[PDB]
Structure formats: structure tokens, C-alpha cells
Amino acid sequence: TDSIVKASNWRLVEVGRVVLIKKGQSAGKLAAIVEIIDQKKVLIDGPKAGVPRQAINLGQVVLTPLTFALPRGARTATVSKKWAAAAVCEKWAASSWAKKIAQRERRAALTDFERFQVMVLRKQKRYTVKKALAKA
Amino acid sequence: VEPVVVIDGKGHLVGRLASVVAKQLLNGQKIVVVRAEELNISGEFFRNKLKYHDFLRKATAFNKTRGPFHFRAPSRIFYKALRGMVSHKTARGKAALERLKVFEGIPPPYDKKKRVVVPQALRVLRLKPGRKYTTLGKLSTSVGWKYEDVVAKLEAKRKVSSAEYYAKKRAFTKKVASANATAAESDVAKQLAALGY
Amino acid sequence: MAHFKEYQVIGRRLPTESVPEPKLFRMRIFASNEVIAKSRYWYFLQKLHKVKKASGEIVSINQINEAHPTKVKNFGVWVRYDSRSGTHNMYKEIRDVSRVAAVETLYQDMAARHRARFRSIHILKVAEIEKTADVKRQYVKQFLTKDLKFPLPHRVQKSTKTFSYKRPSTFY
Amino acid sequence: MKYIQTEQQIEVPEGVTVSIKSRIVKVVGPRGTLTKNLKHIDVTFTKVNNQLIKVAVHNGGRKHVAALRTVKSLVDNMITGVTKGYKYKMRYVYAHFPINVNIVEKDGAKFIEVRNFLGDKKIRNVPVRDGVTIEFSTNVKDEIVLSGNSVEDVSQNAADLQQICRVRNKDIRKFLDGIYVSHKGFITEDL
Amino acid sequence: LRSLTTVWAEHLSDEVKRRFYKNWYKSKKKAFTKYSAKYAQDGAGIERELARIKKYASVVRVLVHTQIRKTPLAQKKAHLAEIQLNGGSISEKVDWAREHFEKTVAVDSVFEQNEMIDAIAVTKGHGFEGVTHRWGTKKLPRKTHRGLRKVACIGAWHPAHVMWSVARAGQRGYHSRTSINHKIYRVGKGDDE
RNA sequence: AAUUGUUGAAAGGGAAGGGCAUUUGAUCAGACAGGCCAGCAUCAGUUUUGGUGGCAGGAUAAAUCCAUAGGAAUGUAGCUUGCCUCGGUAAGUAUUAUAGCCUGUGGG
RNA sequence: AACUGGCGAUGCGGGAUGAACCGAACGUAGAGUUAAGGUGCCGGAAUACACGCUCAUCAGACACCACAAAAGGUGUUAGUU
RNA sequence: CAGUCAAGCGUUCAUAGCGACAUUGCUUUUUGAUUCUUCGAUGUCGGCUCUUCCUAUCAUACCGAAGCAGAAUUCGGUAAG
RNA sequence: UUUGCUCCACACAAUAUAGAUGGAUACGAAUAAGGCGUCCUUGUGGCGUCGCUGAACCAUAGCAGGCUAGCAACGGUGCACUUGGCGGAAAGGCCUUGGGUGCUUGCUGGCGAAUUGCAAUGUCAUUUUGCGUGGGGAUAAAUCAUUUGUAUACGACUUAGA
Ligand SMILES: [Mg+2]
Ligand SMILES: [Mg+2]
Ligand SMILES: [Mg+2]
Ligand SMILES: [Mg+2]
Ligand SMILES: [Mg+2]
Ligand SMILES: [Mg+2]
Ligand SMILES: [Mg+2]
Ligand SMILES: [Mg+2]
Ligand SMILES: [Mg+2]
Ligand SMILES: [Mg+2]
Ligand SMILES: [Mg+2]
Ligand SMILES: [Mg+2]
Ligand SMILES: [Mg+2]
Ligand SMILES: [Mg+2]
Ligand SMILES: [Mg+2]
Ligand SMILES: [Mg+2]
Ligand SMILES: [Mg+2]
Ligand SMILES: [Mg+2]
Ligand SMILES: [Mg+2]
Ligand SMILES: [Mg+2]
Ligand SMILES: [Mg+2]
Ligand SMILES: [Mg+2]
Ligand SMILES: [Mg+2]
Ligand SMILES: [Mg+2]
Ligand SMILES: [Mg+2]
Ligand SMILES: [Mg+2]
Ligand SMILES: [Mg+2]
Ligand SMILES: [Mg+2]
Ligand SMILES: [Mg+2]
Ligand SMILES: [Mg+2]
Ligand SMILES: [Mg+2]
Ligand SMILES: [Mg+2]
Ligand SMILES: [Mg+2]
Ligand SMILES: [Mg+2]
Ligand SMILES: [Mg+2]
Ligand SMILES: [Mg+2]
Ligand SMILES: [Mg+2]
Ligand SMILES: [Mg+2]
Ligand SMILES: [Mg+2]
Ligand SMILES: [Mg+2]
Ligand SMILES: [Mg+2]
Ligand SMILES: [Mg+2]
Ligand SMILES: [Mg+2]
Ligand SMILES: [Mg+2]
Ligand SMILES: [Mg+2]
Ligand SMILES: [Mg+2]
Ligand SMILES: [Mg+2]
Ligand SMILES: [Mg+2]
Ligand SMILES: [Mg+2]
Ligand SMILES: [Mg+2]
Ligand SMILES: [Mg+2]
Ligand SMILES: [Mg+2]
Ligand SMILES: [Mg+2]
Ligand SMILES: [Mg+2]
Ligand SMILES: [Mg+2]
Ligand SMILES: [Mg+2]
Ligand SMILES: [Mg+2]
Ligand SMILES: [Mg+2]
Ligand SMILES: [Mg+2]
Ligand SMILES: [Mg+2]
Ligand SMILES: [Mg+2]
Ligand SMILES: [Mg+2]
Ligand SMILES: [Mg+2]
Ligand SMILES: [Mg+2]
Ligand SMILES: [Mg+2]
Ligand SMILES: [Mg+2]
Ligand SMILES: [Mg+2]
Ligand SMILES: [Mg+2]
Ligand SMILES: [Mg+2]
Ligand SMILES: [Mg+2]
Ligand SMILES: [Mg+2]
Ligand SMILES: [Mg+2]
Ligand SMILES: [Mg+2]
Ligand SMILES: [Mg+2]
Ligand SMILES: [Mg+2]
Ligand SMILES: [Mg+2]
Ligand SMILES: [Mg+2]
Ligand SMILES: [Mg+2]
Ligand SMILES: [Mg+2]
Ligand SMILES: [Mg+2]
Ligand SMILES: [Mg+2]
Ligand SMILES: [Mg+2]
Ligand SMILES: [Mg+2]
Ligand SMILES: [Mg+2]
Ligand SMILES: [Mg+2]
Ligand SMILES: [Mg+2]
Ligand SMILES: [Mg+2]
Ligand SMILES: [Mg+2]
Ligand SMILES: [Mg+2]
Ligand SMILES: [Mg+2]
Ligand SMILES: [Mg+2]
Ligand SMILES: [Mg+2]
């Protein structure tokens, strides 16, 4: 019998909190929170992703559980030098978020004929699995 | 989209559900609302008690029957929030209304069908955290609604049979995602993977 | 009144035979377009000098672009406004990233807290606060404490279809 | 003006483990075990070290932050109430009619029976709350004592008796008859 | 409350039978004649209903009927109605009921001396009745014209409808009444000079 | 003619009747033998909604970026100190070091 | 009483409703764009965006317009000396 | 019919209960003022009867205050069941 | 009273229709928190994982989906039968046994398609009724008149009558 209290483990508005934009010419791109203006405004920069240094409501972005070392107020180049360094992109590329994005990006590139190949493909998987699902 | 849309009222703000139900109705979409007693209303219970009493006092003077009818059950309160958002005295309004059903609890059919939710009327999403609100069941029962206990009895038994149902289900989908893993890394699976699947 | 640009404006008391090269006064107006900006310039000059538009002329109207638009600043702001019962000066502090983006929220704050519309405010002075701890007001000082972080709880997601089959989270 | 974060500390002792899933609380120590619901309030707890727990209000209004501290209280009382305990003492006070008090039971009941209040042939009853134990003090006259771990269950079972003995229809300053809480403290002595 | 079944005696008196008809004398009296067949087989189809009640039913009522022939009336067509049963256990209530089919029950197993009982009956009727006797309205004065067993002012001017709370000439009597708190001063026996 | 009986069709949840429009029912003209209607293409007038190219201004945008000089703290490295489970803390020095930022000037 | 604009003698769109207000004045139509006013649902039209403020055990919600005052508040808000 | 300031009344003590000079309101069972509706007609006092509603509550329910010892009274709250 | 009534079967006919045209796809509860997997001391438990929308899942190729051959499987699904069982809130539907049978695009074949002429919903839903056919099953009552008076202006009520 130790005490045992929950957690409630939030993502936080902090320097170097990577943040996935959601609407605007940058929408879809990642970025880092440089300095923090207030309870709503934040200053983000994302020179890796081609997103310009800006202020932006936290409304228009969604915080991601990724975070790296960044000096507060760090200018753009220093941002690029730490982002790199920290190995952000592969860290996000690895994730179940960013994959499930690619996932749906792909399903929407599909060629009518490509779709058709997906159907038979699934017919093929289904046959063998519906089988296994009856042998143990 | 669907022939009939079943709505789990629990957690939904009266007028904001009534508003979306009215519009689905008029655009030809049959709708059924369930567990109406678990429906929510902004403001603490007293304000909404007081409100129902203000309603309650209006009646035709020379003959209280011909005047406004006050209905106690959480669903009839819900239908009332709805009907006034519908041009209900027209041919078209009676039309749209007949597409709608409202119930306390989840009675047969609809207990085995899937019931769906309305984010734009979901209190837990709509209201500000810290406001006070009202549950339609408590509010109904305080003005004459009789069957509040029977319903929660019938439901407390429903939610049992359904946990079993879900239980068997979760047990089976453990096999299915199990078989689904033998099939991975195969030729088929890695191909689908390329096509997004 | 709109989305704001800063304009320097410059005018001078139309020349006369016995006073060619009158004296030139500048203001910095906070307005949306150049037509309003000159209007304000004359509004305020006739509050100090014997001019009016009728007898003067604008010499130059030039936009002023914020010097470091990705440098968060702490802005002190000085205001005079009319209430429903008299007129009074104020001072507020706005934390933002360009003198102009601050003047925007000022007019919003003045409007929300003091029901004062554009017509009743006068922007006495806007100034970048250099050293911290000259930041007097608290609603700002909160954001200047070291290694500051904070969650954003009870997060709420913009549903794009009318019906949902889940049951939301507010997790974050 | 929305203060961005504020927090209060809940010291924890050696005899006690409080446990908070969602916002249900259960302090448990020597004297028993107390559980109280805080879902109505919206703070974030945080175990830090079997002796410390923190509670927090992020971006709160003056009214919200206010209820922070008073969440900390209600859990200190739950702590202190389960280590020491809570002892409330009230003494009868009359002028001519001895207020005569007893513990009567009807259906496993345990009430506090009060007869001959200001004479009243009426018999007054206050039900004994669960988790509270009433003792008639020996060695002191017209004292009754209510003990237990729930500060809020004692203090109410306290005032239920006192207020069952309000005086009607008489100048209530010359007629000071009643039973009044005379002293609230803890169950373990020294402390 | 909703009723979900109703199990019946195997044999039904020409009393209760007479109630199910309006021109008995002409009728071929075939009521319940197919229901009574359900006993012919082992029981099964009546056991299953009796069993239903037990598994379900939050309330159990007994259908009884008066032995009107044992009464000086001329009226043969016995009265029948449902009596709720208030002893323990649902399953026991039906067992008790099952047990009594066609058997008889008398007043003493219901009421006792000095018991307080309520009566439920339909008030003597009096046909169409002026407002004076039907509501107790004041008689109007003798000098008054076109009659006086009336209300004089049927209504205000507004609202401009005679209203539901005014007293007005109508049927009086033949009303249902539930009277409470009558003492039993005697539960007499028939076999008892 | 008002008004009436029959028969036939039709509508009718506290009047009836009317306007625009269409469903359906009934009824009818004309027009084929180029009549009625459509569908695509190329164009014309009106118009609405997109993708894209070349240029002009401004502090010849303001920034980033690069160079340079100065600087400070919501003080990075180091050092000192004090407890402290063999370092982690905390409070001190300390302006670039094992992070960085601000301000001016110059360049594209 | 004065000047103008109106209603009367004038429909159309907005103001639920309404002689006089807002918009705009009328041959028969088609396509487009709008005014005043609006766009949760009734009801065509963003349960749009952004900053604040407000929680009322008789909240409040748009000119004309269908009324409220002095005086108070340790509700909360932002300001002043 | 109800307020606000509070000089005073109240042995003392402004506000238990009252309250000057001033000043702010409300109500539409007073009375005026107006002449919009009805003069090819809205039957015109009072009572009788009988219904319903309002509350600015006389009584009855449960309360707070007192210049309430008790009894009586008084000011006030929830209140038209 | 002209061989009527009813349940199952098919046939022709009529008449509908607030609006089929792959599938309404079942925990409960919280939201300042939870779902899922896994481990154990079965907890207000350790550990892992996920969300950021159903943009999903399932289904979906074949004369509107015809005729046929085979292989690999022993899986799937349609149908009519049967085994055991569950469901009364409006259950009227759900789960299960076992054979028979159709299909299988899991894979490999043989054959057909045009001329509906370059589009004209190009017709494939489900309502209700009506008439004959024969596979089961069933043989009442209510009203008028008469009548009681526990009823009544009249209707109505309440009785009574092989
Ligand atoms: Mg968690
Ligand atoms: Mg897709
Ligand atoms: Mg429809
Ligand atoms: Mg009415
Ligand atoms: Mg309505
Ligand atoms: Mg409709
Ligand atoms: Mg919300
Ligand atoms: Mg101006
Ligand atoms: Mg001026
Ligand atoms: Mg001014
Ligand atoms: Mg949106
Ligand atoms: Mg008193
Ligand atoms: Mg007294
Ligand atoms: Mg049955
Ligand atoms: Mg008869
Ligand atoms: Mg006789
Ligand atoms: Mg009679
Ligand atoms: Mg008489
Ligand atoms: Mg009378
Ligand atoms: Mg006479
Ligand atoms: Mg009446
Ligand atoms: Mg009617
Ligand atoms: Mg010809
Ligand atoms: Mg032609
Ligand atoms: Mg044509
Ligand atoms: Mg053209
Ligand atoms: Mg261009
Ligand atoms: Mg350029
Ligand atoms: Mg340098
Ligand atoms: Mg750093
Ligand atoms: Mg005008
Ligand atoms: Mg004119
Ligand atoms: Mg005229
Ligand atoms: Mg005119
Ligand atoms: Mg006009
Ligand atoms: Mg109009
Ligand atoms: Mg308008
Ligand atoms: Mg409406
Ligand atoms: Mg609309
Ligand atoms: Mg109100
Ligand atoms: Mg009030
Ligand atoms: Mg009122
Ligand atoms: Mg309101
Ligand atoms: Mg105004
Ligand atoms: Mg209006
Ligand atoms: Mg005043
Ligand atoms: Mg005021
Ligand atoms: Mg204030
Ligand atoms: Mg001031
Ligand atoms: Mg006065
Ligand atoms: Mg004075
Ligand atoms: Mg005094
Ligand atoms: Mg005093
Ligand atoms: Mg004095
Ligand atoms: Mg005073
Ligand atoms: Mg007035
Ligand atoms: Mg008046
Ligand atoms: Mg009066
Ligand atoms: Mg006149
Ligand atoms: Mg007059
Ligand atoms: Mg007249
Ligand atoms: Mg007349
Ligand atoms: Mg008159
Ligand atoms: Mg009249
Ligand atoms: Mg006359
Ligand atoms: Mg005194
Ligand atoms: Mg006295
Ligand atoms: Mg006395
Ligand atoms: Mg009171
Ligand atoms: Mg009354
Ligand atoms: Mg009333
Ligand atoms: Mg239809
Ligand atoms: Mg379910
Ligand atoms: Mg579970
Ligand atoms: Mg979990
Ligand atoms: Mg689990
Ligand atoms: Mg084990
Ligand atoms: Mg477990
Ligand atoms: Mg766990
Ligand atoms: Mg899914
Ligand atoms: Mg096939
Ligand atoms: Mg083939
Ligand atoms: Mg083989
Ligand atoms: Mg096979
Ligand atoms: Mg049932
Ligand atoms: Mg149903
Ligand atoms: Mg059933
Ligand atoms: Mg098979
Ligand atoms: Mg196929
Ligand atoms: Mg076809
Ligand atoms: Mg036949
Ligand atoms: Mg015979």
C-alpha cells in the first residue's frame, strides 16, 4: 500500500514542442514552438518543413507528443540546426500518427484499376485467414 | 446516408439535439432517439425546474383541456423541443415528424442496432467545463413523470446483457487480429500495404 | 475598426506669401487604409494646432512596417477614452509581436471590457518595453517566468460530419 | 484574469495511503477508511512521494482557483480524520427544565432522544449518523460527545441535535435553552 | 402496467359464462369450450403460461366472480373482476391462484371484525338535474323571471365563453365513488341461525 | 338564374374560395407527314467559378539568411559555495565557453 | 407654428405584426448582381472565423418599438490616484 | 402605493419603530386632461346571483427583527393553498 | 342470404408508395480522462500500445452478372431442414447441433455478349386489395322487436327470454 495517484499526462505548450499545423498554406506541416506569446498566441517556426516564422493561434495547430531541445526565442537557423540534430522527422515518421496519415494519403491516390487490384488482393488474404480462423 | 439513424441521447443538449434532428427529418432522414431521460439541458436543475413550471401554468382558461398540453416524460419534452423547430401544422411537417421516434431507454430493435452520437450537440464537447446543467430524467421525474425507476431497472439489466455481448465480441476480435497476424509479412499482405491497406 | 497598418503622416499649414515653408508636423496613425489614416491625422491636428484640411496639405503618408516581426515583445499601451459618464486615460500592457498586431487587440479589449468603440479611443502612446520587470501588469507577467509550460486541457475536436459513431475524447 | 497555473500541497503521513482514480478519493489509515468524490470540481492531482500529493488548476478563474485550496482542505480533513479522528462536544443548557438526553433504538436505529426540552411533553429525536459514535461524557454534567473520522459526518450529527432544540415563540436571548457545540477537536490525545 | 397473460379455470359456471354473452338464451354458449381443451393434453400449454407469469409479472391478480344465484336477485349474469393478491412471492401468488381454480373463497378469509374497509361503487343515479339541486346553488328570488333554479350570471364578459368551473345543469348520480374508512361491525355467516 | 331531386367523379383533423408553380387523374387542339423534343461540336451575347504566365510600386516592402560591432538576462558552459544515497540540486559568481538571444551598421 | 421628406393616392423587399420607419418606387419575362435586413431549427444562407465580457432560485438577445429611475453590492471584470 | 440621503423623533441612542428639507419612482378601483373607437344605437346606477383572476396578505402555515422578561403587540421574509 | 371463414402454397390481375437501389455495422462509463493488449498480488494494479475522427470496417469482378471444365482447400456464404438454448420494455428476434443442397472471384480453363445502332430511370422496391384453383384448420354472434328498473328527456344503461 503506497498511495497511487493517476497522472493525466498532457502535451504542453513549451519551447521545442513540435506541433502539426492544421489549416493554412502550411496546414499539414510540422513545426516547433519557439517562444510562447500567451494563453493562445504562440510563435512557431519550422524551417525544415518550409513553414515561415510566425505567430499563430494554438487553435490552428495540434500539439504532438514530440519535443526537442530548443532555446527559447531561437532564430530560424538555430531552429533548423536543433531540429535536424534532435532527429525530429524520423521520430515523427516512425509514429502511428504520421503513418496513418500516409496510409490515407495513399488510399486517395488510388487509380480506379489500382482499387480493383486491392479488391482481389483482399479476396486473397480473406480466403486464407477466414481459414486459419477455424483451425485453433 | 442510412435508412434510420439511432441516436444515444445520453450526453446531448436538448435544443442542439432537437435542431439537428429537425433538419435530418426534413431532409428525408428517418431518425430515432433513445435514452431520452439521460438527455441534458444547460443551467442548473432549479432554473429548469422553474422553467417547466412557467410552462406548466399556461392553460386555456375556460377549459384547461383545449389549452396547452404539458407532457412529463423526457422524450415528450424532447419531441416538444423538436416540434417547435418544424412547420408542424403543414402537410410537410406531419410528414417529417412521422420519420422520428423518441424513447426512454433503448427498447427492442434499437438495443441491438448501433446507436450514434451528435458531436455538435454533445454537452461534454459543447458546454464550458464548470457550467451547471440538468439531466432530463431528474427534471421529468420532478414534474410528474412516473416511470424513472422502472426504466433504470430495465436498463441496468440491458447494460448487463450487452456487456456479455461486447465480451464475446472483444474475445472473438482477439482471434481475428490474431489470424490477421499470421497473414502478415506474407506476399498478399505486403502488397496491400503498398496500396494503402 | 479593421485590420490595422501603421502610417506616418506629414502635413503643413498651406504656404503663404509671407510664410513659405511652414513647419511640418508628423503623427503615427493606427488605421486600416490610407484614406482613414489621413482623416485621423486631420482629426488630431485640429486638436492641437490652428489647421484644418481646408487650409493645409498632407506632405507624405508612408506605411511603417514593424521592425522585428518574429520577436515577441511586451507592449505598454497608453489610452484616453470616453465612457458613458466622462472621459479618462488608461494604461495597458499587450504581449505580441508587432506594434500593429497589439493595437488590434487593444481596440478589442477596450471594446469588450469597457464597451468603447473606435470613435471614443485615442492612442496616446505605444511602446516596446525593453527590460522585463518593467512589465507592470500581471496578465502579462505570467508569461515571462522561466522555462514556462502549460497543458491545454479538455481539448475539443471540430467534427466534420453531423453524426459520429465513437463518443469523443477530450484527451490531450 | 485567468491565472495560468496554481497548486496546493497535500502532505501525507506514515499511516495512510490516499488513492485517486478519476477524481474519486480514498484516504485509508489507522482509524478506518474514508472515500469522497470530487468529480464535481476539475483539478489535476499528482502523486509525488508517499508523503506528498499535489492538486492543480490550469488556466483558472478566481472562482475556479478558489475551489482549489478548498479541495486540498477536504482531503486534509479526510487524512487527519483517518489518523487522529474527530471529536465534537456539546453541552446542554437550560434555565428551569433539565433537558434529558438518551440513545434510543427502533429497528437497529440509534437515535439521540431529547425529552422535557423547556418542559415540552414532546420527545425530540435526532438520528445517529453512521460512522459517528455518541457518548455521554462521564465526570462532566450535561455533556454529550460525538466522535468518528468524517469531520463532516460528526459536525452535522453535531448540529442536527443543537438545531432540533431551537426555541420558538420566546425571546431567544432570555431563553438560552438548547444544546450547543461547546468544543471540536481530535480523537487521539496529546494531539 | 401491462398485462401479459391470463390463465383460466378448466370449468366455468353458467354464471361467469352468462357474463360473456348478451343474448344467452339464443346463444350456442360455446365460450371457453376451446380453452377448456388445453387441459385434455397433460397440461403443457397452461403450465407454460402459468410459468410465464411466474418468470415475469410484477403483479398477480385473481379473477373471481360472484355467485349471484346465491342472492335473491333476478339477475343471473354474475359479476366478475380482478383482485390483486398480496401475499409473498410472485411464484407463490400464482401457485395459490392455480390452486383455487373453480374452488371457492368467502368473506372471512378477507376481512375481520373491526376492520376498516373502503367501498367502491356507482352512486345512485338521478337523471337530468337543474343546477340548484346538482350543485347546491342558491335558489334565485321569487320575483325573478323565466325561472329561478339557475345561476344568474353564467360568466363574466371576458373571457367570453362560459367556463368549465361554472355550475351547469346536467346528469346527477351514477358516478363512481371510492369511499374510505368504514368499520366492519359484523362478518356474519350464512350457516348460522 | 337563385334554389332543388337523382346519378357520376372528387375532396374534406375548428370555414369555404384565391395567387405562382408542379405531380397525378380526366379531357383536348395543333403539328408530322420537315412537326415536337433532345444530345454533342464549333461560335455569338450576357455571366459565374477555377488553374496559370509577364510586369510596377514601397525603407526600390519590412523579415529570415550572411557578415560586424556592441550588449544584456527569464544567465549557456566553467568555477565557488551549502546541504545532499557517490551527482543532482539549490545561490553565487560569471556575457559565449560544452546553449543561445537582443540592438545597431553593412551585403545580396 | 417652421424647413424638407413622406403617407394620403403605392404596390414591392426588410422591421414577426403595423398608413408614415429602413431599402427601393411597379409595362410582360429570362440570366446575373445587390440594398435594408439576415444565415442553430422553424427559414433561403458559415452550429464561420478571432479577442474579450456575462451565469441571473424571475439572465439576456438589435434602430423607430412596444419603457424604467435615484440608490446600492467584499459577484466578477478591466482601469485611476 | 413604494424608495434614496439622513437633519431629527425615539430618556440615552439618526435608521427597534419613525423621519424633515430635498430628491427618485410606481400604479391605473381616484380625478383630471385628450377626443382615437362607436350617434342607420356597445341598454345606462345599485343590489341579487356566480365564476375566475391580481396581491400592494386581514386571517390561517413556517420564518427572520424588536426599545421581544412572560402574555399581548409590532416591523419584516416565503406566501393568493 | 347462393358455398361462406380462416392459416400456408401460385396464378392472374388491380391499387398503391413523404420517396430501396452494396450493409442502421449493439458494451458500459469517464472526459482535469479512457479504449485495447499483456503481466500479476485481481488493485483506484504493473507494463505496453492507440486517438488527433466512419477519409472506417465489412462487402464489392462474372448476361442485372448467362453456359460449362478443372485444381487447391475442408475454408466461406445462400437456402430449406433438424439439435439444444436464450430473449417479455414493444420480447416476435438472437445464439447453437447435425446432416442435404446451391454458389464460391482462393487459383487455372473452354464457350457467349455486337443491331438497345453515340444518352434518353431504360424498368430488377414493397403496399394493400380483388377473383378464381387445392394443401391444412374452424362451425359464431351482435342488433330490431319483446322484456327488468339498480337506468333514462330521446339515444344510451341495466336485466330477462328455446
Ligand atoms: Mg492514462
Ligand atoms: Mg478514400
Ligand atoms: Mg422522405
Ligand atoms: Mg389552446
Ligand atoms: Mg412546437
Ligand atoms: Mg417531409
Ligand atoms: Mg466543450
Ligand atoms: Mg478619422
Ligand atoms: Mg475636431
Ligand atoms: Mg475622445
Ligand atoms: Mg467549423
Ligand atoms: Mg421572534
Ligand atoms: Mg412573547
Ligand atoms: Mg402471450
Ligand atoms: Mg338481450
Ligand atoms: Mg323481486
Ligand atoms: Mg332515474
Ligand atoms: Mg327536482
Ligand atoms: Mg345562484
Ligand atoms: Mg317580473
Ligand atoms: Mg363548466
Ligand atoms: Mg373541430
Ligand atoms: Mg409535309
Ligand atoms: Mg418547326
Ligand atoms: Mg428540344
Ligand atoms: Mg460563350
Ligand atoms: Mg499573378
Ligand atoms: Mg523586390
Ligand atoms: Mg561580435
Ligand atoms: Mg538549449
Ligand atoms: Mg421622410
Ligand atoms: Mg406626397
Ligand atoms: Mg382622402
Ligand atoms: Mg403619394
Ligand atoms: Mg411608398
Ligand atoms: Mg413584407
Ligand atoms: Mg428592413
Ligand atoms: Mg417554428
Ligand atoms: Mg437553411
Ligand atoms: Mg423570469
Ligand atoms: Mg425580484
Ligand atoms: Mg412578474
Ligand atoms: Mg431566461
Ligand atoms: Mg438607441
Ligand atoms: Mg419589432
Ligand atoms: Mg435621489
Ligand atoms: Mg447604477
Ligand atoms: Mg461594480
Ligand atoms: Mg479615472
Ligand atoms: Mg416622498
Ligand atoms: Mg439633510
Ligand atoms: Mg440605538
Ligand atoms: Mg443604532
Ligand atoms: Mg436624540
Ligand atoms: Mg438608512
Ligand atoms: Mg409611470
Ligand atoms: Mg396609465
Ligand atoms: Mg385606487
Ligand atoms: Mg371622435
Ligand atoms: Mg369618449
Ligand atoms: Mg353600429
Ligand atoms: Mg343592439
Ligand atoms: Mg355602451
Ligand atoms: Mg352586448
Ligand atoms: Mg336600445
Ligand atoms: Mg434599547
Ligand atoms: Mg415586555
Ligand atoms: Mg397579557
Ligand atoms: Mg424570513
Ligand atoms: Mg385560490
Ligand atoms: Mg395562482
Ligand atoms: Mg405518400
Ligand atoms: Mg448495446
Ligand atoms: Mg469492459
Ligand atoms: Mg488505460
Ligand atoms: Mg485491460
Ligand atoms: Mg495467480
Ligand atoms: Mg484486473
Ligand atoms: Mg491498470
Ligand atoms: Mg471500425
Ligand atoms: Mg456467379
Ligand atoms: Mg471464367
Ligand atoms: Mg481435390
Ligand atoms: Mg466443399
Ligand atoms: Mg412485454
Ligand atoms: Mg418499437
Ligand atoms: Mg412477444
Ligand atoms: Mg454448404
Ligand atoms: Mg463473385
Ligand atoms: Mg429491367
Ligand atoms: Mg378455398
Ligand atoms: Mg335448443
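Caption draft 1: Region of interest: the overall build of chain E. In terms of helices and strands, chain E carries four helices and six strands. Each helix and strand of chain E, ordered N terminal to C terminal, gives the series α-α-β-β-α-β-β-α-β-β. Its C-alpha radius of gyration of 25 Å places chain E more than 25% over the 16 Å reference for a compact globule of 193 residues. Overall, chain E is about 80 × 45 × 40 Å in size when its C-alpha atoms are taken along their principal axes.

Caption draft 2: Local environment of the protein's contact with RNA strand F. Not every one of the 25 residues close to RNA strand F is listed here, only the nearest: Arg75, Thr76 and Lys82 of chain A together with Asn65 and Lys71 of chain C. Atoms of RNA strand F within 4 Å of the protein belong to the sugar or the phosphate in 77% of instances, the rest to bases. Here a base nitrogen of RNA strand F and a backbone polar atom of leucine 144 of chain C are 3.0 Å apart. In this structure, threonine 145 of chain C approaches RNA strand F through a main-chain N or O atom, which is 3.5 Å from a base oxygen. Elements with a contribution of two residues or more to the surface near RNA strand F: helix 1 (76-86) of chain A together with strand 3 (58-64) of chain C.

Caption draft 3: Quick peek at helix 2 (residues 47-55) of chain E. Taken residue by residue, helix 2 of chain E has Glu49, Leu50, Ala51 and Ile53 of chain E as its buried positions. Tucked inside the fold, the buried residues of helix 2 of chain E contact helix 3 (90-100) of chain E.

Caption draft 4: Geometry of the arrangement of the chains. In this assembly seven pairs of chains touch, with chains A and C having more contacts than any other pair. A minimum C-alpha distance of 38 Å separates chain A and chain E, which share no contact. At no point do chain D and chain E touch; the closest pair of C-alpha atoms across them sits 22 Å apart.

Caption draft 5: Seen up close, the sheet that holds strand 4 (residues 51-57) of chain A. Residue and element names in this part refer to chain A. In space, the five strands of this open sheet follow the order 4-3-2-1-5, with antiparallel pairing throughout. Sheet topology places strand 4 and strand 5 (61-67) at the edges, where each strand pairs with a single neighbour. On average, each strand axis in the sheet is inclined to that of its neighbour by 35°, with strand direction left out of account. Judged from the four bridges that link them, strand 1 (residues 17-21) and strand 5 form a sheet pairing that is antiparallel. The residue of strand 5 that forms the bridge with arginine 17 is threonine 67. The sheet strands contacting helix 1 are strand 1, strand 2 (30-33), strand 3 (41-46) and strand 4, and the helix crosses strand 2 at an angle near 110°. The strands touched by helix 3 (residues 96-109) within the sheet are strand 1 and strand 5, with strand 5 carrying the most contacts at an inclination of about 130°.

Caption draft 6: Representation of the nonpolar core in the model. In this structure, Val13 and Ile44 of chain A are the most contacted members of the largest nonpolar core, which totals 39 residues. Elements that contribute at least two residues to this core include exactly strand 1, strand 2, strand 3, strand 4, strand 5, helix 1 and helix 2 (88-93) of chain A. Other than its neighbours up to four places away in sequence, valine 13 of chain A contacts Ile33, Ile36, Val42, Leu58 and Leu63 of chain A together with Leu148, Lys149, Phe150 and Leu152 of chain C. Residues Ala81, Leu100 and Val116 of chain B together with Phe163 of chain C belong to the second largest nonpolar core, which totals 32 residues.

Caption draft 7: Fine view of the interface of chain A and chain C. Each partner contributes residues to the interface: chain A has 18 residues there, and chain C has 15 residues. Taken together, the two surfaces of chain A and chain C that pack against each other cover about 1,800 Å², and 63% of this comes from carbon and sulfur. Considering only the surface of chain A that becomes buried against chain C, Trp10, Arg11 and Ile37 of chain A emerge as the three largest contributors, covering 31% of it. Our count for the contact surface shared by chain A and chain C stands at one salt bridge. Ionic pairing is found between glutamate 14 of chain A and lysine 149 of chain C, a salt bridge with its closest N-O pair at 3.6 Å. Viewed at the interface, chain C and chain A are joined by six residue pairs in polar contact. Contributing elements (two or more residues each) for the side of chain A that touches chain C: strand 3 and strand 5 of chain A.

Caption draft 8: Looking closely at the protein's contact with RNA strand H. Taken together, 18 residues lie around RNA strand H, and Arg168, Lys170, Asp171 and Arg173 of chain D together with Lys138 of chain E are the ones closest in. Near-protein atoms of RNA strand H (within 4 Å) split between backbone and bases, with sugar and phosphate holding 80%. Contact between RNA strand H and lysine 138 of chain E: a phosphate oxygen at 2.9 Å from a main-chain N or O atom of the residue. Among the residues forming the surface near RNA strand H, the class breakdown is eight nonpolar, three polar and seven charged.

Caption draft 9: The interface of chain A and chain B, seen in detail. Each partner contributes residues to the interface: chain A has 13 residues there, and chain B has 15 residues. Summed over the three residues of chain A that lose the most area to chain B, namely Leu121, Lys125 and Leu133 of chain A, the buried surface amounts to 42% of that side. Connecting chain A to chain B are zero salt bridges. Our count for the contact surface shared by chain A and chain B stands at three residue pairs in polar contact. Here the side of chain A that touches chain B gets eight residues from one element, more than from any other, and that element is helix 4 (residues 112-132) of chain A.

Analysis parameters
Residues numbered from 1 in each chain as written, not as in the entry; some residues may be left out. Chains lettered and ligands numbered in written order. Part of a larger assembly, values for the part shown. Heavy atoms only, no water. Residues with missing side-chain atoms left out of burial classes, pairs and counts. Helix = DSSP H or I, 4+ residues; strand = E, 2+ residues; numbered from the N terminus. Rg over C-alpha atoms; globule rule 2.2 N^0.38 Å. Near = heavy atom within 4 Å. Polar contact = N/O pair within 3.5 Å; in protein donor to acceptor, adjacent residues only side chain to side chain. Buried < 20%, exposed > 50% of the residue type's maximum accessible area, 1.4 Å probe, protein only. Contact = heavy atoms within 4.5 Å. Pairing = 2+ DSSP bridges. Axes fitted to C-alpha atoms, helices over the stretch in contact; angles between N-to-C directions. Core = buried A, V, L, I, M, F, W, Y, C linked by side-chain atoms within 4.5 Å. Buried area = accessible area lost by both parts, 1.4 Å probe. Salt bridge = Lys/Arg side-chain N within 4 Å of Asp/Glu carboxyl O. Nonpolar A, V, L, I, M, F, W, Y, C, P; charged D, E, K, R; others polar.

These results come straight from atomic positions and should not be treated as a statement about function.
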